[PDB]
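**Student:** First the structure, which I've put down as structure tokens, then a few questions once you've had a look.
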Amino acid sequence: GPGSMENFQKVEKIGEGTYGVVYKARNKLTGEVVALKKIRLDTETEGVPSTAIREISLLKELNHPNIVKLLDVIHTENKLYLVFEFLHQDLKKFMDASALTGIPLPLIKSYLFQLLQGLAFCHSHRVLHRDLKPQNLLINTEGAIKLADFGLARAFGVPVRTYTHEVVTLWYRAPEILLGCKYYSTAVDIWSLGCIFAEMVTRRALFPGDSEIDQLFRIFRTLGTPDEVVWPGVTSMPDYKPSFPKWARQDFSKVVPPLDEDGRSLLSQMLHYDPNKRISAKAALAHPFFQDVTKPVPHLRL
Amino acid sequence: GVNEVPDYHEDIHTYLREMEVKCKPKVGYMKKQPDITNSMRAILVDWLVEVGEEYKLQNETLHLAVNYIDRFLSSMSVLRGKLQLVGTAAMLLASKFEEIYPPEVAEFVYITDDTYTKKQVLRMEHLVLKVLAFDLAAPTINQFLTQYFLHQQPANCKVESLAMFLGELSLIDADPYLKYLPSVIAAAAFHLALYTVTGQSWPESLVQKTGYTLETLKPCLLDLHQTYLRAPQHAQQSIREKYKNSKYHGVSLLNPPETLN
Ligand SMILES: CC(=O)Nc1ccc(Br)cc1
Ligand SMILES: CC(=O)Nc1ccc(Br)cc1
Ligand SMILES: CC(=O)Nc1ccc(Br)cc1
């Protein structure tokens with residue numbers, strides 16, 4: 001806790017949230033530009049929020065170029081300020097406003113590869129993110145993309161135990177969660193990244209469901225309705241129903257038509273039904289799809 | 001196997017082994033505590049065991065709480081009248097971090113029998129956050145036990161529950177368990193559970209994973225074995241009572257071995 005609010009100058013509002021506002025600020029002594037997330041404690045009749053406790057504790061441990069850096073935490077009067085490394089934009093705003101005619105294959109590849117690096121670092125440090133989506137991925141001016149918003153994050157044990165069900169923004173939520181699985185693991189973050197991979201290609205969500213069942217069916221209609229062969233256990237799952245329509249699996253080249261053979265291979269392994277066969281972020285880094293990425297690794301930050 | 005994160009279990013183990021050292025309390029903190037004793041802590045931990053049971057909290061939560069408490073008392077001097085307030089705030093923090101459905105702050109106030117106010121609990125909660133610098137993702141005995149369990153051939157619930165119980169008993173007594181790392185007590189616990197139930201020993205495969213042998217576990221195992229032997233006579237009994245429950249396979253009713261051989 002080296003800092004105080006005296007040394008920061010607010011520049012502008014950059015965002016809002018459940019527990020407060022984020023500002024872009026400037027360190028008046030160093031010149032450093034930061035994002036201040038204010039958490040209000042005055043209003044809280046339940047003391048420090050669990051979301052903030054996990055975000056802070058888990059982020060202290062996660063020093064990685066592709067994870068947004070927590071610089072400091074200032075505990076003032078009935079107020080908590082998280083000081084973060086500042087990134088000018090999120091991936092959703094980037095896709096919306098500048099990728100009109102598309103995101104170039106080089107950049108998609110670079111971004112996906114950085115995301116896998118940061119996620120692998122998360123899993124390696126026993127943290128599930130549990131809300132990977134483009135709004136939660138920040139991009140700087142130098143080409144770096146970084147996992148952000150660890151408010152839904154969770155420190156897991158090995159093996160995992162039952163955690164919060166109905167986590168992950170719906171469009172990005174893995175099937176095993178939608179089926180009310182007793183246990184979920186690192187594979188749910190991979191599923192999210194796979195949805196994101198597809199979305200960077202098309203600039204539209206892969207499965208935009210408007211309920212948990214519409215979401216399940218949109219997935220089934222795209223990758224086929226799973227059975228015991230593709231996914232041992234699936235039919236025993238608490239919210240699995242025998243009456244589920246049985247959809248044929250469409251050729252994967254039709255799911256994201258502009259995608260190359262290497263792309264489709266990687267994507268298919270990210271979106272495998274059975275969380276046991278779904279590729280890990282660690283294994284995914286060695287996929288051929290990334291053979292030609294040369295964008296130099298971002299620096300750590302201190 | 002993804003529930004057992006095959007691609008990350010080693011990384012995770014290595015990382016827990018480094019953070020147990022970082023999150024370790026001062027071995028001899030209680031001597032430097034003017035007004036509290038190992039016995040008062042034992043009473044405190046024993047009660048948190050009960051609070052744990054009263055509100056069906058995870059065992060992980062209990063373990064985190066005690067880590068928070070010992071780390072706090074390692075740098076903050078505390079009067080006896082305030083020891084329970086530290087315990088309460090710790091259990092509240094451990095609940096917020098670990099529990100799907102943490103008890104509301106007012107339930108914590110309720111179980112302290114209105115010794116303290118909501119304001120006191122909340123102000124203490126912050127003080128602890130300050131003292132620990134939010135450094136709350138601490139490796140617990142349980143976090144190691146669950147990985148060690150993956151090495152059982154075949155799996156045995158009596159072994160699992162019995163190891164958990166021995167692990168818990170260690171929380172009660174800072175002398176001598178403050179001197180051992182979670183990973184070591186977990187190992188001692190696992191071997192003693194294993195041996196009691198099946199007659200088998202610390203497996204080669206965990207020697208490979210951990211680097212520990214019966215040689216290196218021996219000090220800890222000798223203490224844990226005494227603790228297990230004397231558990232019926234210890235002043236604190238909430239852990240034994242808890243582990244009569246079928247949820248834990250009634251393992252506190254098993255007979256300890258008279259020798260480790
Ligand atoms: C979106 C944006 O402008 N910047 C940013 C940086 C860090 C966080 Br945490 C949230 C937002
Ligand atoms: C759950 C719900 O809202 N709708 C629904 C529709 C079809 C099936 Br089969 C199961 C559920
Ligand atoms: C044992 C004793 O003398 N006093 C005392 C007070 C509070 C706790 Br918590 C534990 C002990």
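By order of appearance in the structure tokens: chains A, B, ..., then residues from 1 within every chain, and ligands from 1 in the order shown.
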Could you list, with a cut-off of 6 Å and counting only C-alpha atoms and all ligand atoms, the residues of chain A near ligand 2, each shown with its nearest atom pair and the distance in Å rounded to one decimal, rows sorted by chain and ascending number, as JSON lines?
**Tutor:**
```
{"residue": "A:213", "atom": "CA", "partner": "ligand 2", "partner_atom_place_in_ligand_line": "2 (C)", "distance": 5.6}
{"residue": "A:243", "atom": "CA", "partner": "ligand 2", "partner_atom_place_in_ligand_line": "9 (Br)", "distance": 5.3}
{"residue": "A:244", "atom": "CA", "partner": "ligand 2", "partner_atom_place_in_ligand_line": "9 (Br)", "distance": 4.8}
```
**Student:** Store the residues picked out above, limited to N, CA and C atoms, as a short mmCIF file (atom, residue, chain, number, x, y, z; two decimals), in the first residue's frame.
**Tutor:**
```cif
data_model
loop_
_atom_site.label_atom_id
_atom_site.label_comp_id
_atom_site.auth_asym_id
_atom_site.auth_seq_id
_atom_site.Cartn_x
_atom_site.Cartn_y
_atom_site.Cartn_z
N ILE A 213 -31.95 -22.48 -21.70
CA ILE A 213 -32.39 -23.60 -22.59
C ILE A 213 -32.19 -23.19 -24.06
N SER A 243 -35.79 -35.85 -23.53
CA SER A 243 -36.64 -35.23 -24.54
C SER A 243 -35.91 -34.15 -25.37
N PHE A 244 -34.67 -33.82 -25.02
CA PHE A 244 -33.89 -32.86 -25.79
C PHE A 244 -33.90 -33.24 -27.26
#
```
**Student:** Check every protein, DNA and RNA residue against ligand 3, keep those with an atom at most 6 Å away (counting only C-alpha atoms and all ligand atoms), and present them as a PDB file with N, CA and C atoms, in the first residue's frame.
**Tutor:**
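What landed in out-v7.pdb:
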```pdb
ATOM      1  N   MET B  40      -6.037 -20.727  25.017  1.00  0.00           N
ATOM      2  CA  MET B  40      -7.119 -19.836  24.630  1.00  0.00           C
ATOM      3  C   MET B  40      -7.382 -19.972  23.139  1.00  0.00           C
ATOM      4  N   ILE B  43      -9.303 -23.130  22.567  1.00  0.00           N
ATOM      5  CA  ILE B  43     -10.704 -22.884  22.810  1.00  0.00           C
ATOM      6  C   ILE B  43     -11.279 -22.157  21.589  1.00  0.00           C
ATOM      7  N   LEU B  44     -10.541 -21.178  21.041  1.00  0.00           N
ATOM      8  CA  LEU B  44     -11.065 -20.376  19.941  1.00  0.00           C
ATOM      9  C   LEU B  44     -11.298 -21.251  18.700  1.00  0.00           C
ATOM     10  N   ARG B  80      -7.272 -10.896  25.809  1.00  0.00           N
ATOM     11  CA  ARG B  80      -8.081 -12.098  25.791  1.00  0.00           C
ATOM     12  C   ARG B  80      -9.514 -11.754  25.399  1.00  0.00           C
ATOM     13  N   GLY B  81     -10.022 -10.611  25.913  1.00  0.00           N
ATOM     14  CA  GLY B  81     -11.371 -10.136  25.644  1.00  0.00           C
ATOM     15  C   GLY B  81     -11.644  -9.896  24.156  1.00  0.00           C
ATOM     16  N   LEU B  83      -9.840 -11.714  21.605  1.00  0.00           N
ATOM     17  CA  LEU B  83      -9.401 -12.841  20.810  1.00  0.00           C
ATOM     18  C   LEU B  83     -10.535 -13.357  19.912  1.00  0.00           C
ATOM     19  N   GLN B  84     -11.775 -13.392  20.423  1.00  0.00           N
ATOM     20  CA  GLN B  84     -12.913 -13.988  19.727  1.00  0.00           C
ATOM     21  C   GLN B  84     -13.366 -13.104  18.566  1.00  0.00           C
TER      22      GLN B  84
END
```
**Student:** From the set A:151, A:49, A:17, A:31, which residue has the shortest atom-to-atom contact distance to chain B, counting only C-alpha atoms?
**Tutor:**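 The closest residue to chain B is A:49.
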**Student:** Please, which residues have at least one atom within 7 Å of an atom of ligand 1, using only C-alpha atoms and all ligand atoms, listed as a PyMOL selection string?
**Tutor:** chain A and resi 14-15+22+35+37+84-90+138+148-149
**Student:** Go ahead and write the selection's residues with N, CA and C atoms as a CSV table (one decimal), in the first residue's frame.
**Tutor:**
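And here's part-v1.csv as it stands now:
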```csv
chain,number,residue,atom,x,y,z
A,14,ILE,N,-14.3,6.0,-17.0
A,14,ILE,CA,-14.1,5.1,-18.1
A,14,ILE,C,-15.1,3.9,-18.0
A,15,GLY,N,-15.8,3.8,-16.9
A,15,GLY,CA,-16.6,2.6,-16.7
A,15,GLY,C,-17.3,2.6,-15.3
A,22,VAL,N,-15.2,3.3,-12.4
A,22,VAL,CA,-13.8,3.3,-12.7
A,22,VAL,C,-13.4,4.6,-13.4
A,35,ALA,N,-6.0,3.0,-14.0
A,35,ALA,CA,-7.4,3.0,-13.8
A,35,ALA,C,-7.7,2.8,-12.4
A,37,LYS,N,-10.5,1.8,-9.7
A,37,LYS,CA,-11.8,1.3,-9.4
A,37,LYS,C,-12.1,1.7,-8.0
A,84,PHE,N,-5.2,0.2,-11.0
A,84,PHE,CA,-4.8,-0.8,-12.0
A,84,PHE,C,-4.0,-0.2,-13.1
A,85,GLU,N,-3.1,-1.0,-13.7
A,85,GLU,CA,-2.6,-0.7,-15.0
A,85,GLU,C,-3.8,-0.3,-15.9
A,86,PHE,N,-3.5,0.8,-16.7
A,86,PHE,CA,-4.5,1.4,-17.6
A,86,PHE,C,-4.4,0.8,-19.0
A,87,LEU,N,-5.5,0.4,-19.6
A,87,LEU,CA,-5.6,-0.1,-21.0
A,87,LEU,C,-6.7,0.8,-21.7
A,88,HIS,N,-6.4,1.3,-22.8
A,88,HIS,CA,-7.4,2.2,-23.5
A,88,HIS,C,-8.7,1.6,-23.9
A,89,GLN,N,-8.7,0.3,-24.2
A,89,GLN,CA,-10.0,-0.2,-24.8
A,89,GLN,C,-10.3,-1.7,-24.4
A,90,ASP,N,-11.5,-2.1,-24.6
A,90,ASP,CA,-11.8,-3.5,-24.5
A,90,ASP,C,-12.0,-4.1,-25.9
A,138,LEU,N,-8.9,-6.5,-22.2
A,138,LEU,CA,-8.5,-5.1,-22.4
A,138,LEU,C,-7.3,-5.1,-23.4
A,148,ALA,N,-9.1,-9.3,-17.8
A,148,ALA,CA,-9.5,-8.4,-16.8
A,148,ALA,C,-10.8,-8.8,-16.1
A,149,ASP,N,-11.1,-8.0,-15.0
A,149,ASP,CA,-12.3,-8.2,-14.2
A,149,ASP,C,-12.3,-9.6,-13.6
```
**Student:** Excluding residue 254 (chain B) and residues on its chain fewer than 6 positions from it, collect all residues at most 12 Å away from it, counting only C-alpha atoms, and give them as a PDB file with N, CA and C atoms, in the first residue's frame.
**Tutor:**
```
ATOM      1  N   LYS B 158     -12.945 -43.845   4.216  1.00  0.00           N
ATOM      2  CA  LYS B 158     -12.459 -43.918   5.579  1.00  0.00           C
ATOM      3  C   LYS B 158     -11.067 -43.298   5.645  1.00  0.00           C
ATOM      4  N   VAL B 159     -10.202 -43.620   4.685  1.00  0.00           N
ATOM      5  CA  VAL B 159      -8.883 -43.001   4.644  1.00  0.00           C
ATOM      6  C   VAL B 159      -9.002 -41.485   4.464  1.00  0.00           C
ATOM      7  N   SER B 161     -11.629 -39.353   5.006  1.00  0.00           N
ATOM      8  CA  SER B 161     -12.233 -38.697   6.163  1.00  0.00           C
ATOM      9  C   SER B 161     -11.304 -38.707   7.379  1.00  0.00           C
ATOM     10  N   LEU B 162     -10.530 -39.796   7.546  1.00  0.00           N
ATOM     11  CA  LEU B 162      -9.708 -39.927   8.739  1.00  0.00           C
ATOM     12  C   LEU B 162      -8.532 -38.955   8.645  1.00  0.00           C
ATOM     13  N   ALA B 163      -8.027 -38.774   7.422  1.00  0.00           N
ATOM     14  CA  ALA B 163      -6.920 -37.875   7.203  1.00  0.00           C
ATOM     15  C   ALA B 163      -7.371 -36.438   7.446  1.00  0.00           C
ATOM     16  N   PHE B 165      -9.744 -35.491   9.454  1.00  0.00           N
ATOM     17  CA  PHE B 165      -9.920 -35.367  10.893  1.00  0.00           C
ATOM     18  C   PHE B 165      -8.589 -35.103  11.593  1.00  0.00           C
ATOM     19  N   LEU B 166      -7.588 -35.928  11.295  1.00  0.00           N
ATOM     20  CA  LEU B 166      -6.279 -35.726  11.882  1.00  0.00           C
ATOM     21  C   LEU B 166      -5.783 -34.318  11.536  1.00  0.00           C
ATOM     22  N   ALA B 193      -3.603 -41.897   8.363  1.00  0.00           N
ATOM     23  CA  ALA B 193      -4.938 -42.340   8.026  1.00  0.00           C
ATOM     24  C   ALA B 193      -4.812 -43.670   7.290  1.00  0.00           C
ATOM     25  N   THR B 196      -3.619 -46.617   9.499  1.00  0.00           N
ATOM     26  CA  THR B 196      -4.648 -47.015  10.446  1.00  0.00           C
ATOM     27  C   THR B 196      -5.664 -47.899   9.731  1.00  0.00           C
ATOM     28  N   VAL B 197      -6.131 -47.448   8.572  1.00  0.00           N
ATOM     29  CA  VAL B 197      -7.301 -48.046   7.949  1.00  0.00           C
ATOM     30  C   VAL B 197      -6.894 -49.300   7.176  1.00  0.00           C
ATOM     31  N   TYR B 228      -3.464 -38.038  18.119  1.00  0.00           N
ATOM     32  CA  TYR B 228      -4.515 -38.972  17.776  1.00  0.00           C
ATOM     33  C   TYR B 228      -4.778 -39.894  18.964  1.00  0.00           C
ATOM     34  N   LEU B 229      -3.712 -40.351  19.637  1.00  0.00           N
ATOM     35  CA  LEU B 229      -3.835 -41.256  20.762  1.00  0.00           C
ATOM     36  C   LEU B 229      -4.609 -40.603  21.894  1.00  0.00           C
ATOM     37  N   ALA B 231      -6.654 -37.989  21.751  1.00  0.00           N
ATOM     38  CA  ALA B 231      -7.756 -37.131  21.324  1.00  0.00           C
ATOM     39  C   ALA B 231      -8.984 -37.269  22.251  1.00  0.00           C
ATOM     40  N   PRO B 232      -9.324 -38.471  22.763  1.00  0.00           N
ATOM     41  CA  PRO B 232     -10.422 -38.597  23.722  1.00  0.00           C
ATOM     42  C   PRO B 232     -10.252 -37.799  25.015  1.00  0.00           C
ATOM     43  N   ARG B 240     -13.749 -34.207  17.370  1.00  0.00           N
ATOM     44  CA  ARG B 240     -14.176 -35.591  17.552  1.00  0.00           C
ATOM     45  C   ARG B 240     -15.690 -35.697  17.403  1.00  0.00           C
ATOM     46  N   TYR B 243     -16.710 -35.478  13.775  1.00  0.00           N
ATOM     47  CA  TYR B 243     -16.324 -36.584  12.925  1.00  0.00           C
ATOM     48  C   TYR B 243     -16.939 -37.907  13.388  1.00  0.00           C
ATOM     49  N   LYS B 244     -17.922 -37.884  14.297  1.00  0.00           N
ATOM     50  CA  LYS B 244     -18.790 -39.040  14.518  1.00  0.00           C
ATOM     51  C   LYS B 244     -19.876 -39.120  13.446  1.00  0.00           C
ATOM     52  N   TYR B 248     -18.809 -37.734   7.561  1.00  0.00           N
ATOM     53  CA  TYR B 248     -17.391 -38.047   7.606  1.00  0.00           C
ATOM     54  C   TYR B 248     -17.139 -39.517   7.963  1.00  0.00           C
TER      55      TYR B 248
END
```
**Student:** With a distance cut-off of 8 Å and only C-alpha atoms, select the neighbouring residues of residue 114 (chain A), excluding the residue or stretch itself and same-chain residues fewer than 2 positions from it, and output the selection as a ChimeraX atom specification.
**Tutor:** /A:66,110-112,116-118,144-146
**Student:** Pull C-alpha atoms from the residues just selected and write them as a PDB file, in the first residue's frame.
**Tutor:**
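The result, written out as out.pdb:
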```pdb
ATOM      1  CA  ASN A  66      -1.583 -10.852 -20.262  1.00  0.00           C
ATOM      2  CA  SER A 110      -1.842 -12.749 -31.730  1.00  0.00           C
ATOM      3  CA  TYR A 111      -4.783 -11.955 -29.446  1.00  0.00           C
ATOM      4  CA  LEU A 112      -5.948 -15.549 -29.050  1.00  0.00           C
ATOM      5  CA  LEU A 116      -4.233 -18.493 -23.795  1.00  0.00           C
ATOM      6  CA  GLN A 117      -0.969 -17.410 -22.185  1.00  0.00           C
ATOM      7  CA  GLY A 118      -2.783 -15.446 -19.478  1.00  0.00           C
ATOM      8  CA  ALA A 144      -1.197  -6.433 -25.972  1.00  0.00           C
ATOM      9  CA  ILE A 145      -4.471  -7.978 -24.785  1.00  0.00           C
ATOM     10  CA  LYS A 146      -5.005  -8.810 -21.122  1.00  0.00           C
TER      11      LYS A 146
END
```
**Student:** Could you list the residues in chain A lying within 8 Å of chain B, using only C-alpha atoms, and format the result as a ChimeraX atom specification?
**Tutor:** /A:46-50,53-54,56-58,60,123-126,155,157-160,163-164,183-187,275-276,280,282
**Student:** Could you state the separation of CA of residue 55 (chain B) and CA of residue 68 (chain B) in Å, given to one decimal place?
**Tutor:**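 Distance between the two atoms: 19.3 Å.
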**Student:** Rank B:87, B:182, B:211, B:34 by their smallest atom-to-atom distance to residue 22 (chain B), using only C-alpha atoms, and report the top residue only.
**Tutor:** B:182
**Student:** Counting only C-alpha atoms, what is within 12 Å of residue 215 (chain B), bar same-chain residues fewer than 5 positions away, as an NGL selection string?
**Tutor:** :B and (184 or 187-188 or 202 or 207 or 220-222)
